[PDB]
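Chemist: Coordinates in target.cif, mmCIF, C-alpha atoms and all ligand atoms, are listed below.
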```cif
data_query
#
loop_
_atom_site.label_atom_id
_atom_site.label_comp_id
_atom_site.auth_asym_id
_atom_site.auth_seq_id
_atom_site.Cartn_x
_atom_site.Cartn_y
_atom_site.Cartn_z
CA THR A 32 27.37 150.17 129.64
CA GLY A 33 27.25 147.98 126.47
CA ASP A 34 24.79 150.21 124.69
CA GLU A 35 27.24 153.19 125.06
CA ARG A 36 30.10 150.91 123.92
CA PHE A 37 28.13 149.50 120.94
CA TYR A 38 27.28 152.98 119.63
CA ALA A 39 30.76 154.41 120.20
CA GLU A 40 32.72 151.48 118.74
CA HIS A 41 30.33 150.07 116.12
CA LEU A 42 27.12 151.83 115.08
CA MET A 43 28.37 155.45 114.98
CA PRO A 44 31.52 154.66 112.97
CA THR A 45 29.33 152.65 110.55
CA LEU A 46 26.82 155.51 110.24
CA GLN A 47 29.66 158.08 109.67
CA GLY A 48 31.11 155.84 106.95
CA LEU A 49 27.75 155.64 105.13
CA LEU A 50 26.24 159.11 105.31
CA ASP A 51 27.42 162.63 104.86
CA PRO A 52 26.86 164.73 108.01
CA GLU A 53 23.76 166.63 106.74
CA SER A 54 22.03 163.35 105.73
CA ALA A 55 22.90 161.76 109.03
CA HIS A 56 21.47 164.73 110.88
CA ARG A 57 18.20 164.57 108.86
CA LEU A 58 17.98 160.88 109.47
CA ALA A 59 18.57 161.34 113.19
CA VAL A 60 15.88 164.00 113.44
CA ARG A 61 13.48 161.64 111.60
CA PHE A 62 14.24 158.65 113.84
CA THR A 63 14.03 160.67 116.96
CA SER A 64 10.73 162.28 115.95
CA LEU A 65 9.26 158.78 115.52
CA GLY A 66 10.41 157.60 118.96
CA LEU A 67 12.70 154.96 117.36
CA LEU A 68 15.18 154.84 120.14
CA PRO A 69 15.46 152.55 123.22
CA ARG A 70 13.70 154.66 125.89
CA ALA A 71 15.57 155.83 129.01
CA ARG A 72 17.27 153.18 131.11
CA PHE A 73 18.62 156.00 133.36
CA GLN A 74 16.08 157.22 135.94
CA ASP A 75 16.70 160.81 137.06
CA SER A 76 17.46 161.23 140.76
CA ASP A 77 16.33 164.17 142.79
CA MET A 78 19.95 165.41 143.03
CA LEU A 79 19.72 166.39 139.35
CA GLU A 80 16.70 168.56 139.78
CA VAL A 81 17.14 172.28 139.26
CA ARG A 82 14.67 175.16 139.72
CA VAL A 83 15.50 178.14 137.64
CA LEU A 84 13.91 180.52 135.07
CA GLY A 85 10.44 180.06 136.76
CA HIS A 86 10.53 176.31 136.16
CA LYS A 87 11.52 172.97 137.45
CA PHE A 88 14.06 170.98 135.39
CA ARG A 89 14.03 167.29 136.14
CA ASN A 90 17.73 167.11 135.06
CA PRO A 91 20.09 169.84 133.96
CA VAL A 92 21.10 168.30 130.62
CA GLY A 93 19.45 169.84 127.54
CA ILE A 94 19.67 169.49 123.80
CA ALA A 95 21.15 172.61 122.29
CA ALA A 96 19.57 174.63 119.51
CA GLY A 97 20.36 173.48 115.96
CA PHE A 98 19.52 169.83 116.27
CA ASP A 99 15.75 170.24 116.09
CA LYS A 100 15.65 173.50 114.14
CA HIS A 101 11.96 173.28 113.19
CA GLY A 102 10.34 171.69 116.24
CA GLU A 103 9.79 168.17 114.84
CA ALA A 104 11.41 165.86 117.41
CA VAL A 105 10.64 167.44 120.74
CA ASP A 106 8.87 164.43 122.26
CA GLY A 107 11.55 162.02 121.06
CA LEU A 108 14.19 164.25 122.60
CA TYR A 109 12.55 164.08 126.01
CA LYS A 110 12.39 160.30 125.49
CA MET A 111 16.16 160.28 124.91
CA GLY A 112 16.54 161.61 128.47
CA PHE A 113 17.11 165.39 128.03
CA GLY A 114 15.78 167.43 130.90
CA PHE A 115 14.77 170.19 128.54
CA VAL A 116 14.62 170.81 124.82
CA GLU A 117 15.45 173.90 122.85
CA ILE A 118 14.28 174.18 119.28
CA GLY A 119 15.39 176.56 116.59
CA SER A 120 16.81 178.82 115.50
CA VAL A 121 13.55 179.83 113.85
CA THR A 122 13.42 182.80 111.40
CA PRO A 123 10.24 184.82 110.66
CA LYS A 124 9.93 183.68 107.05
CA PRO A 125 11.00 180.31 105.69
CA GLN A 126 14.47 180.28 104.20
CA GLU A 127 16.77 177.69 102.78
CA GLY A 128 20.11 178.66 104.38
CA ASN A 129 23.47 178.16 102.64
CA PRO A 130 24.36 175.84 99.74
CA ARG A 131 25.48 172.31 100.51
CA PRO A 132 27.86 171.00 101.73
CA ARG A 133 27.49 173.14 104.81
CA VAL A 134 28.39 170.79 107.63
CA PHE A 135 31.73 169.03 108.18
CA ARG A 136 33.05 166.38 110.56
CA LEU A 137 36.46 166.74 112.24
CA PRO A 138 36.63 163.27 113.71
CA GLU A 139 40.27 163.63 114.92
CA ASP A 140 39.17 166.63 117.04
CA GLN A 141 35.76 165.38 118.09
CA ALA A 142 34.49 168.56 116.50
CA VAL A 143 32.10 169.76 113.79
CA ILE A 144 32.09 172.86 111.67
CA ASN A 145 28.80 174.20 110.29
CA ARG A 146 27.58 177.03 108.09
CA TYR A 147 23.86 176.14 107.77
CA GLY A 148 22.85 179.77 107.70
CA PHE A 149 19.53 179.52 109.60
CA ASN A 150 17.80 177.04 107.37
CA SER A 151 14.25 177.37 108.80
CA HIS A 152 10.66 176.38 108.13
CA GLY A 153 9.69 179.81 109.49
CA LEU A 154 7.56 180.95 112.36
CA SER A 155 4.05 179.93 111.02
CA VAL A 156 5.03 176.39 110.30
CA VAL A 157 6.75 175.99 113.64
CA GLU A 158 3.81 177.69 115.43
CA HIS A 159 1.29 175.21 114.02
CA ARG A 160 3.56 172.31 114.82
CA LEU A 161 3.89 173.37 118.50
CA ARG A 162 0.22 174.22 118.72
CA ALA A 163 -0.62 170.61 117.77
CA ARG A 164 1.07 169.41 120.93
CA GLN A 165 0.65 172.48 123.12
CA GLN A 166 -1.17 170.78 125.99
CA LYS A 167 1.05 167.79 125.90
CA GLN A 168 3.92 170.28 126.41
CA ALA A 169 2.11 172.07 129.24
CA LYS A 170 2.04 168.75 131.08
CA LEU A 171 5.68 167.97 130.21
CA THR A 172 6.67 171.39 131.55
CA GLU A 173 4.63 170.88 134.78
CA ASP A 174 6.38 167.59 135.11
CA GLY A 175 9.88 169.22 134.98
CA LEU A 176 10.55 169.02 131.17
CA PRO A 177 10.50 172.57 129.78
CA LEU A 178 10.73 173.79 126.22
CA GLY A 179 12.76 176.62 124.86
CA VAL A 180 12.51 178.37 121.55
CA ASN A 181 15.46 179.98 119.87
CA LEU A 182 14.78 182.90 117.56
CA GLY A 183 16.87 184.09 114.62
CA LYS A 184 16.58 186.61 111.82
CA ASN A 185 16.10 186.32 108.10
CA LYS A 186 19.03 186.80 105.83
CA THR A 187 17.45 189.71 103.77
CA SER A 188 15.66 191.28 106.73
CA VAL A 189 15.90 195.11 106.86
CA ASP A 190 15.27 195.42 110.62
CA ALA A 191 16.66 192.82 112.98
CA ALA A 192 14.78 193.88 116.03
CA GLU A 193 11.49 193.49 114.23
CA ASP A 194 12.42 189.88 113.21
CA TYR A 195 13.04 189.10 116.89
CA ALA A 196 9.85 190.91 117.99
CA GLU A 197 7.80 188.86 115.54
CA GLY A 198 9.38 185.72 116.99
CA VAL A 199 8.42 186.79 120.47
CA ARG A 200 4.77 187.42 119.43
CA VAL A 201 4.41 184.19 117.47
CA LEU A 202 6.34 181.58 119.49
CA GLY A 203 6.63 183.29 122.82
CA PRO A 204 3.19 182.03 123.86
CA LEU A 205 4.31 178.42 123.18
CA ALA A 206 7.64 178.54 124.97
CA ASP A 207 8.82 178.28 128.55
CA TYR A 208 11.84 180.39 127.50
CA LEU A 209 12.91 182.30 124.42
CA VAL A 210 16.42 182.77 123.17
CA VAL A 211 17.57 185.83 121.34
CA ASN A 212 20.28 184.39 119.29
CA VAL A 213 22.65 187.16 118.46
CA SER A 214 25.69 184.89 118.10
CA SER A 215 25.40 182.75 114.93
CA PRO A 216 28.64 183.15 113.00
CA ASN A 217 26.82 182.26 109.74
CA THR A 218 24.62 185.32 109.29
CA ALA A 219 26.30 188.52 108.12
CA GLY A 220 26.14 191.40 110.60
CA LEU A 221 24.34 189.28 113.22
CA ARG A 222 27.04 189.12 115.92
CA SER A 223 27.40 192.92 115.89
CA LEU A 224 23.92 192.96 117.56
CA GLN A 225 25.96 191.88 120.67
CA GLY A 226 27.57 195.42 120.90
CA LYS A 227 26.22 197.71 123.63
CA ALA A 228 23.92 200.25 121.92
CA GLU A 229 22.44 197.71 119.43
CA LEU A 230 21.97 195.14 122.14
CA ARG A 231 20.19 197.58 124.50
CA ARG A 232 17.80 198.75 121.75
CA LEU A 233 17.16 195.22 120.57
CA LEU A 234 16.53 193.71 123.98
CA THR A 235 14.37 196.62 125.14
CA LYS A 236 12.08 195.91 122.22
CA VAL A 237 12.14 192.15 122.79
CA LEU A 238 11.32 192.48 126.48
CA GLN A 239 8.51 194.93 125.75
CA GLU A 240 6.90 192.45 123.31
CA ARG A 241 7.34 189.68 125.89
CA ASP A 242 5.81 191.75 128.67
CA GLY A 243 2.72 192.37 126.54
CA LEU A 244 1.94 188.58 126.38
CA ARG A 245 -0.72 187.19 128.74
CA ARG A 246 0.72 185.99 132.00
CA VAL A 247 0.41 182.21 131.49
CA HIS A 248 1.93 182.68 128.02
CA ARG A 249 4.79 184.90 129.09
CA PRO A 250 8.28 183.22 128.67
CA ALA A 251 11.66 183.95 130.24
CA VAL A 252 14.00 185.70 127.76
CA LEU A 253 17.66 184.67 127.37
CA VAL A 254 20.46 186.00 125.21
CA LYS A 255 22.82 183.51 123.54
CA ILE A 256 26.32 184.75 123.07
CA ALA A 257 29.47 183.87 121.25
CA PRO A 258 32.67 182.44 122.65
CA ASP A 259 34.64 185.02 120.63
CA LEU A 260 33.78 188.26 122.44
CA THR A 261 36.29 190.77 123.63
CA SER A 262 36.45 191.73 127.30
CA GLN A 263 34.73 194.98 126.44
CA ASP A 264 31.89 193.08 124.69
CA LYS A 265 31.36 190.90 127.71
CA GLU A 266 31.40 193.74 130.23
CA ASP A 267 28.86 195.57 128.03
CA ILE A 268 26.58 192.52 127.80
CA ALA A 269 26.64 192.00 131.48
CA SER A 270 25.78 195.65 132.09
CA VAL A 271 22.83 195.60 129.64
CA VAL A 272 21.58 192.30 130.97
CA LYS A 273 21.48 193.84 134.42
CA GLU A 274 20.06 197.17 133.39
CA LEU A 275 17.13 195.48 131.49
CA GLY A 276 16.47 192.49 133.75
CA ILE A 277 17.17 189.86 131.06
CA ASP A 278 16.30 186.48 132.60
CA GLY A 279 19.43 184.50 131.63
CA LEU A 280 22.31 183.88 129.24
CA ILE A 281 23.17 180.93 127.02
CA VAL A 282 26.98 180.60 126.92
CA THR A 283 28.09 179.78 124.23
CA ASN A 284 27.45 179.40 120.53
CA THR A 285 30.04 177.98 118.14
CA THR A 286 33.46 179.67 117.60
CA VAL A 287 34.83 181.37 114.50
CA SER A 288 38.34 180.78 115.99
CA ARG A 289 40.39 177.75 115.01
CA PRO A 290 42.34 176.77 118.09
CA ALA A 291 45.87 175.62 117.44
CA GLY A 292 46.08 171.83 117.24
CA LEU A 293 43.06 170.99 115.12
CA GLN A 294 43.89 167.88 113.05
CA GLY A 295 40.75 167.39 110.90
CA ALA A 296 41.36 167.82 107.15
CA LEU A 297 38.34 170.13 107.07
CA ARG A 298 39.54 172.52 109.79
CA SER A 299 39.75 175.55 107.46
CA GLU A 300 36.15 175.28 106.26
CA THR A 301 34.18 178.47 106.98
CA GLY A 302 31.65 178.15 109.78
CA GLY A 303 31.22 177.77 113.53
CA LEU A 304 33.26 175.14 115.30
CA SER A 305 31.66 173.01 117.98
CA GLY A 306 32.69 170.08 120.16
CA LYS A 307 35.77 169.33 122.19
CA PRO A 308 37.98 172.24 120.92
CA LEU A 309 35.25 174.68 121.99
CA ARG A 310 34.86 173.15 125.44
CA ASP A 311 37.19 175.23 127.65
CA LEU A 312 36.75 178.43 125.77
CA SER A 313 33.05 178.08 126.53
CA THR A 314 33.62 177.14 130.19
CA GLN A 315 35.81 180.26 130.63
CA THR A 316 33.12 182.50 128.98
CA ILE A 317 30.66 181.11 131.51
CA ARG A 318 33.06 181.79 134.37
CA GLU A 319 33.50 185.42 133.28
CA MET A 320 29.77 186.10 132.63
CA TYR A 321 28.83 184.63 136.07
CA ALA A 322 31.37 186.87 137.80
CA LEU A 323 30.31 189.95 135.82
CA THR A 324 26.63 189.37 136.77
CA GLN A 325 27.52 188.50 140.36
CA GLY A 326 26.00 185.12 140.11
CA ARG A 327 22.46 186.52 139.78
CA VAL A 328 21.73 185.79 136.10
CA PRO A 329 21.04 182.16 135.35
CA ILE A 330 23.41 180.68 132.74
CA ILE A 331 22.87 177.73 130.46
CA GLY A 332 26.34 176.46 129.61
CA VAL A 333 27.02 174.89 126.27
CA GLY A 334 30.00 173.94 124.20
CA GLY A 335 31.91 170.69 124.12
CA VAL A 336 30.00 168.78 126.82
CA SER A 337 30.40 165.00 126.38
CA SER A 338 30.84 163.73 129.95
CA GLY A 339 29.70 164.29 133.50
CA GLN A 340 33.04 166.01 134.20
CA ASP A 341 32.49 168.40 131.27
CA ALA A 342 29.05 169.24 132.61
CA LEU A 343 30.12 169.67 136.22
CA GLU A 344 32.96 171.98 135.15
CA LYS A 345 30.44 174.29 133.51
CA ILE A 346 28.11 174.08 136.57
CA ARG A 347 30.96 174.88 138.98
CA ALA A 348 31.92 177.75 136.68
CA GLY A 349 28.40 179.17 137.08
CA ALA A 350 25.96 177.31 134.81
CA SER A 351 22.60 176.33 136.33
CA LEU A 352 21.93 174.06 133.33
CA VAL A 353 23.91 172.70 130.42
CA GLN A 354 23.33 171.67 126.84
CA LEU A 355 25.04 169.42 124.34
CA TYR A 356 24.78 168.91 120.60
CA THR A 357 28.05 167.73 118.99
CA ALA A 358 28.66 164.88 121.41
CA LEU A 359 25.37 163.26 120.31
CA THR A 360 26.75 163.32 116.81
CA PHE A 361 29.82 161.25 117.79
CA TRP A 362 28.43 158.93 120.53
CA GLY A 363 24.70 158.75 119.74
CA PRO A 364 21.78 158.72 122.18
CA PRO A 365 23.57 156.78 124.93
CA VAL A 366 25.72 159.84 125.64
CA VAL A 367 22.74 161.47 127.31
CA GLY A 368 22.35 158.89 130.13
CA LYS A 369 26.14 158.68 130.34
CA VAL A 370 26.52 162.40 131.09
CA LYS A 371 23.73 162.29 133.70
CA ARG A 372 25.09 159.20 135.43
CA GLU A 373 28.67 160.53 135.62
CA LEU A 374 27.47 163.92 136.74
CA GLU A 375 25.53 162.43 139.64
CA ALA A 376 28.55 160.27 140.69
CA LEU A 377 30.85 163.29 140.58
CA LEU A 378 28.41 165.41 142.56
CA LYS A 379 28.42 162.76 145.30
CA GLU A 380 32.16 162.41 145.23
CA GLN A 381 32.72 166.12 145.57
CA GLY A 382 30.27 166.44 148.41
CA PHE A 383 27.38 168.29 146.75
CA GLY A 384 23.91 167.57 147.98
CA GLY A 385 22.69 168.24 144.44
CA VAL A 386 23.24 170.21 141.22
CA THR A 387 22.02 173.39 142.86
CA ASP A 388 24.77 173.32 145.45
CA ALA A 389 27.43 173.03 142.76
CA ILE A 390 26.28 176.02 140.76
CA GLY A 391 29.09 178.56 140.76
CA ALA A 392 31.06 176.61 143.43
CA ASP A 393 34.43 177.49 141.81
CA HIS A 394 33.82 181.18 142.59
CA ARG A 395 33.37 180.45 146.37
CA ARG A 396 36.75 178.65 146.64
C1 LIG B 1 24.94 171.71 113.01
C2 LIG B 1 24.73 172.78 114.05
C3 LIG B 1 23.69 173.67 113.91
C4 LIG B 1 23.49 174.64 114.89
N1 LIG B 1 22.46 175.54 114.78
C5 LIG B 1 22.22 176.38 115.78
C6 LIG B 1 21.07 177.32 115.74
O1 LIG B 1 20.27 177.28 114.77
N2 LIG B 1 20.95 178.21 116.73
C7 LIG B 1 21.79 178.27 117.81
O2 LIG B 1 21.61 179.13 118.73
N3 LIG B 1 22.85 177.46 117.93
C8 LIG B 1 23.08 176.52 116.97
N4 LIG B 1 24.16 175.65 117.11
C9 LIG B 1 24.99 175.79 118.28
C10 LIG B 1 24.73 174.83 119.40
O3 LIG B 1 23.45 175.19 119.92
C11 LIG B 1 25.79 175.01 120.48
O4 LIG B 1 25.74 176.37 120.93
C12 LIG B 1 27.23 174.72 119.99
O5 LIG B 1 27.22 173.72 118.99
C13 LIG B 1 28.13 174.26 121.13
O6 LIG B 1 27.66 173.08 121.77
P1 LIG B 1 28.29 171.64 121.34
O7 LIG B 1 29.80 171.76 121.41
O8 LIG B 1 27.79 170.71 122.39
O9 LIG B 1 27.74 171.20 119.97
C14 LIG B 1 24.36 174.66 116.09
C15 LIG B 1 25.38 173.75 116.23
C16 LIG B 1 25.59 172.81 115.27
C17 LIG B 1 26.72 171.84 115.50
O1 LIG B 2 25.26 159.52 113.48
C1 LIG B 2 24.73 160.66 113.75
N1 LIG B 2 25.19 161.84 113.26
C2 LIG B 2 24.40 162.83 113.74
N2 LIG B 2 24.53 164.12 113.42
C3 LIG B 2 25.57 164.65 112.69
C4 LIG B 2 26.68 163.90 112.26
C5 LIG B 2 27.73 164.57 111.64
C6 LIG B 2 27.69 165.96 111.50
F1 LIG B 2 28.65 166.68 110.93
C7 LIG B 2 26.62 166.66 111.97
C8 LIG B 2 25.60 166.01 112.60
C9 LIG B 2 24.46 166.86 113.04
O2 LIG B 2 23.48 166.46 113.61
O3 LIG B 2 24.51 168.12 112.73
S1 LIG B 2 23.16 162.39 114.85
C10 LIG B 2 23.58 160.72 114.67
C11 LIG B 2 23.00 159.55 115.38
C12 LIG B 2 21.78 159.74 116.17
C13 LIG B 2 21.62 160.91 116.89
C14 LIG B 2 20.42 161.15 117.54
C15 LIG B 2 19.38 160.24 117.44
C16 LIG B 2 19.53 159.07 116.69
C17 LIG B 2 18.49 158.15 116.61
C18 LIG B 2 18.65 156.98 115.87
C19 LIG B 2 19.85 156.73 115.22
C20 LIG B 2 20.91 157.66 115.31
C21 LIG B 2 20.74 158.83 116.05
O1 LIG B 3 24.32 178.12 110.56
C1 LIG B 3 23.50 178.04 111.50
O2 LIG B 3 22.28 177.99 111.26
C2 LIG B 3 24.03 178.20 112.89
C3 LIG B 3 25.19 177.59 113.23
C4 LIG B 3 25.72 177.82 114.44
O3 LIG B 3 26.80 177.22 114.77
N1 LIG B 3 25.09 178.63 115.31
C5 LIG B 3 23.96 179.27 115.04
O4 LIG B 3 23.44 180.04 115.89
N2 LIG B 3 23.40 179.04 113.77
#
```
Write out the structure in this file as structure tokens.
Ligand SMILES: Cc1cc2nc3c(=O)[nH]c(=O)nc-3n(C[C@H](O)[C@H](O)[C@H](O)COP(=O)(O)O)c2cc1C
Ligand SMILES: O=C1N=C(Nc2ccc(F)cc2C(=O)O)S/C1=C\c1cccc2ccccc12
Ligand SMILES: O=C(O)c1cc(=O)[nH]c(=O)[nH]1
Modeler:
Amino acid sequence: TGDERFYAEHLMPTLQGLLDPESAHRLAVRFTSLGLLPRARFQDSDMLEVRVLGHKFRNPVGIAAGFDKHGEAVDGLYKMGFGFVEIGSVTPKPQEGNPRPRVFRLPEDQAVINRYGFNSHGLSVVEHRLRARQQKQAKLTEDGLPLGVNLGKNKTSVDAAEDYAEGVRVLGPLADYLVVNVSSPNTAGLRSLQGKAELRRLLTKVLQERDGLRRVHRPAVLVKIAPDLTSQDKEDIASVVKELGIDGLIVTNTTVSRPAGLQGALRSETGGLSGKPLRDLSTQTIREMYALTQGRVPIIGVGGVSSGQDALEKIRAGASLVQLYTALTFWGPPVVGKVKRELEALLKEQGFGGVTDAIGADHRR
């Protein structure tokens, strides 16, 4: 399509020439929150529908956490064509995050590196903002357009588990699913919450707070993990996830690795790397986690998705849903309908009646 072509060849290069990546992101969140976008050409077919996590998803393509950190553009994101929206990460108290510059474009790699550091308006602000549209969301969700909320922890916090428990209490009642983000590379000590004993203690507390919410306000709880785990780490996560009945996994966050071959001048900036160089590392983490949980723990696959093929590879590896974030940054809004359209064509070509039939198909070969 000409829209996709116009953005890819003209508008996006012009926008990257004019604005640093943080400004462009802020501007994009502002435009999107105002609805200043086309509106979806692409009409979702029934093949794209997925039922998982106690919900219907009209399509399996979501916006990853980090784009709409503070819950300001949710409605414009559904308008862009995403089948579900995840906001956050949200910390209990407001905090500024790291000094700028803290986001970097690696155009030659179709990659970004970021070290935002959980810049967040905080739970109260985000709570009031979601409350103002709570019933509009309840109808969106009933219509197949769910909302997730991704929870983080304050930089100076002296008890991580209590930060996450507060998140559960405050935003849990407004969310279809929560994410316990234990995988940011930009918060000191955070990723060590993924180890066995810490993780079990942490998630036991999270699930207990979730279980004490009223039934209609009780979300699914997912754990978002890194692409950089050891085999031991992964085995331990899978075991805990099964022992506690965690509802799902988000696989993966950004990488602290720098794969060989990066060309961008900014490749040695500190931060998490996203985009194309993360793609297969993420797909393989998905593959492993699905096998370790015997295909019984729903997985939302994320990292380097910019095409229908990218998405279908994660689905066949075991993802029930996918997300993207960095591709939007390079190709703009038209990438959303593009991924959905190609995914549907590939599903037909490969003989799948729908997305659901493809889920984990590589493990049954
Ligand atoms: C600028 C930026 C900010 C991000 N912030 C968050 C965040 O606050 N919480 C989170 O769980 N993941 C965050 N992510 C990670 C994305 O949700 C996603 O896991 C990762 O970028 C891989 O997907 P992608 O290759 O499609 O961008 C962020 C990513 C980027 C690029
Ligand atoms: O040019 C753009 N750059 C974007 N983001 C970024 C660009 C570079 C970077 F290092 C990081 C980001 C980021 O979001 O961290 S988003 C965008 C364009 C649009 C994206 C979404 C909605 C829009 C709506 C209207 C106009 C442009 C956009
Ligand atoms: O710095 C952040 O806020 C952030 C970046 C990132 O890549 N992942 C994450 O979970 N948080």
Chemist: When you look at residue 275 in chain A with a cut-off of 9 Å (counting only C-alpha atoms), what residues show up, excluding the ones that are within fewer than 5 positions of it in the same chain? I need them as a list in words.
Modeler: residues 231, 234, 235, 238 and 270 of chain A
Chemist: Between A:343, A:178, A:118, A:71, which has the minimum distance to residue 385 in chain A (counting all atoms listed in the file)?
Modeler: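 Closest residue, counting all atoms listed in the file: A:343.
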Chemist: List the spatial neighbours of residue 123 in chain A as a PyMOL selection string - criterion: any atom at most 8 Å away, only C-alpha atoms, same-chain residues fewer than 2 positions off excluded.
Modeler: chain A and resi 121+125+153-155+183-185+194+197-198
Chemist: Please check which protein, DNA or RNA residues sit within 8 Å of ligand LIG 3 (chain B), counting only C-alpha atoms and all ligand atoms, and write them as a tab-separated table (two decimals) with C-alpha atoms, in the coordinates of the input.
Modeler:
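After the write, part-v7.tsv holds the following:
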```tsv
chain	number	residue	atom	x	y	z
A	96	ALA	CA	19.57	174.63	119.51
A	97	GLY	CA	20.36	173.48	115.96
A	120	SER	CA	16.81	178.82	115.50
A	128	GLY	CA	20.11	178.66	104.38
A	129	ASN	CA	23.47	178.16	102.64
A	144	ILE	CA	32.09	172.86	111.67
A	145	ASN	CA	28.80	174.20	110.29
A	146	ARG	CA	27.58	177.03	108.09
A	147	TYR	CA	23.86	176.14	107.77
A	148	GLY	CA	22.85	179.77	107.70
A	149	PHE	CA	19.53	179.52	109.60
A	150	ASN	CA	17.80	177.04	107.37
A	183	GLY	CA	16.87	184.09	114.62
A	212	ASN	CA	20.28	184.39	119.29
A	213	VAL	CA	22.65	187.16	118.46
A	214	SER	CA	25.69	184.89	118.10
A	215	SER	CA	25.40	182.75	114.93
A	216	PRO	CA	28.64	183.15	113.00
A	217	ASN	CA	26.82	182.26	109.74
A	218	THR	CA	24.62	185.32	109.29
A	284	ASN	CA	27.45	179.40	120.53
A	285	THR	CA	30.04	177.98	118.14
A	286	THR	CA	33.46	179.67	117.60
A	302	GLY	CA	31.65	178.15	109.78
A	303	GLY	CA	31.22	177.77	113.53
A	304	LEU	CA	33.26	175.14	115.30
A	305	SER	CA	31.66	173.01	117.98
```
Chemist: Report, in Å to a single decimal, how far apart atom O6 of ligand LIG 1 (chain B) and CA of residue 73 in chain A are.
Modeler: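 Computing the Euclidean distance for CA of residue 73 in chain A and atom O6 of ligand LIG 1 (chain B) yields 22.5 Å.
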Chemist: Which one is closest to ligand LIG 2 (chain B): A:366, A:322, A:169, A:157? Count only C-alpha atoms and all ligand atoms.
Modeler: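 Selected residue with least distance to ligand LIG 2 (chain B): A:366.
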Chemist: May I have the residues within 8 Å of ligand LIG 2 (chain B), computed using all atoms listed in the file, as a PyMOL selection string?
Modeler: chain A and resi 43-44+46-47+51-63+67-68+97-98+134-137+143-145+356-357+359-364
Chemist: Which neighbours of residue 324 in chain A fall inside 9 Å, counting only C-alpha atoms, when residues of the same chain fewer than 4 positions from it are skipped, and could you give them as a PDB file with C-alpha atoms, in the frame of the given file?
Modeler:
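Ended up saving to selection-v4.pdb:
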```pdb
ATOM      1  CA  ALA A 269      26.640 192.000 131.480  1.00  0.00           C
ATOM      2  CA  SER A 270      25.780 195.650 132.090  1.00  0.00           C
ATOM      3  CA  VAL A 272      21.580 192.300 130.970  1.00  0.00           C
ATOM      4  CA  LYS A 273      21.480 193.840 134.420  1.00  0.00           C
ATOM      5  CA  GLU A 319      33.500 185.420 133.280  1.00  0.00           C
ATOM      6  CA  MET A 320      29.770 186.100 132.630  1.00  0.00           C
ATOM      7  CA  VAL A 328      21.730 185.790 136.100  1.00  0.00           C
TER       8      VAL A 328
END
```
Chemist: Taking only C-alpha atoms into account, which of A:152, A:186, A:298, A:246 comes nearest residue 100 in chain A?
Modeler: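 Using only C-alpha atoms, the shortest distance to residue 100 in chain A belongs to A:152.
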Chemist: Which residue out of A:192, A:221, A:333, A:108 has the minimum interatomic distance to ligand LIG 1 (chain B) when only C-alpha atoms and all ligand atoms are used?
Modeler: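 Smallest distance to ligand LIG 1 (chain B) is found for A:333.
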Chemist: What does range 61-71 of chain A look like written to a file with N, CA and C atoms, as a PDB file, in the first residue's frame?
Modeler:
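Produced file part07.pdb, reproduced below:
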```
ATOM      1  N   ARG A  61       1.541  12.203  21.821  1.00  0.00           N
ATOM      2  CA  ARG A  61       0.576  13.304  21.747  1.00  0.00           C
ATOM      3  C   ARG A  61      -0.344  13.163  20.526  1.00  0.00           C
ATOM      4  N   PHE A  62       0.191  12.903  19.352  1.00  0.00           N
ATOM      5  CA  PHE A  62      -0.695  12.754  18.192  1.00  0.00           C
ATOM      6  C   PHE A  62      -1.663  11.637  18.324  1.00  0.00           C
ATOM      7  N   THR A  63      -1.171  10.522  18.866  1.00  0.00           N
ATOM      8  CA  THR A  63      -1.924   9.317  18.938  1.00  0.00           C
ATOM      9  C   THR A  63      -3.023   9.580  19.951  1.00  0.00           C
ATOM     10  N   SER A  64      -2.702  10.207  21.078  1.00  0.00           N
ATOM     11  CA  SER A  64      -3.719  10.419  22.107  1.00  0.00           C
ATOM     12  C   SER A  64      -4.852  11.298  21.614  1.00  0.00           C
ATOM     13  N   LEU A  65      -4.566  12.190  20.685  1.00  0.00           N
ATOM     14  CA  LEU A  65      -5.610  13.007  20.029  1.00  0.00           C
ATOM     15  C   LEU A  65      -6.356  12.327  18.874  1.00  0.00           C
ATOM     16  N   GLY A  66      -6.007  11.111  18.495  1.00  0.00           N
ATOM     17  CA  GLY A  66      -6.693  10.461  17.402  1.00  0.00           C
ATOM     18  C   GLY A  66      -6.250  10.948  16.025  1.00  0.00           C
ATOM     19  N   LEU A  67      -5.182  11.738  15.964  1.00  0.00           N
ATOM     20  CA  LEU A  67      -4.681  12.301  14.702  1.00  0.00           C
ATOM     21  C   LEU A  67      -3.854  11.268  13.928  1.00  0.00           C
ATOM     22  N   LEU A  68      -4.591  10.350  13.359  1.00  0.00           N
ATOM     23  CA  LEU A  68      -4.062   9.313  12.550  1.00  0.00           C
ATOM     24  C   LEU A  68      -5.195   9.004  11.547  1.00  0.00           C
ATOM     25  N   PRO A  69      -4.902   8.368  10.423  1.00  0.00           N
ATOM     26  CA  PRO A  69      -5.978   7.908   9.521  1.00  0.00           C
ATOM     27  C   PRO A  69      -7.266   7.299  10.160  1.00  0.00           C
ATOM     28  N   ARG A  70      -7.119   6.166  10.841  1.00  0.00           N
ATOM     29  CA  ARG A  70      -8.231   5.297  11.199  1.00  0.00           C
ATOM     30  C   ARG A  70      -8.005   4.021  10.397  1.00  0.00           C
ATOM     31  N   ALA A  71      -8.373   2.864  10.941  1.00  0.00           N
ATOM     32  CA  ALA A  71      -7.962   1.591  10.287  1.00  0.00           C
ATOM     33  C   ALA A  71      -8.639   1.295   8.947  1.00  0.00           C
TER      34      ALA A  71
END
```
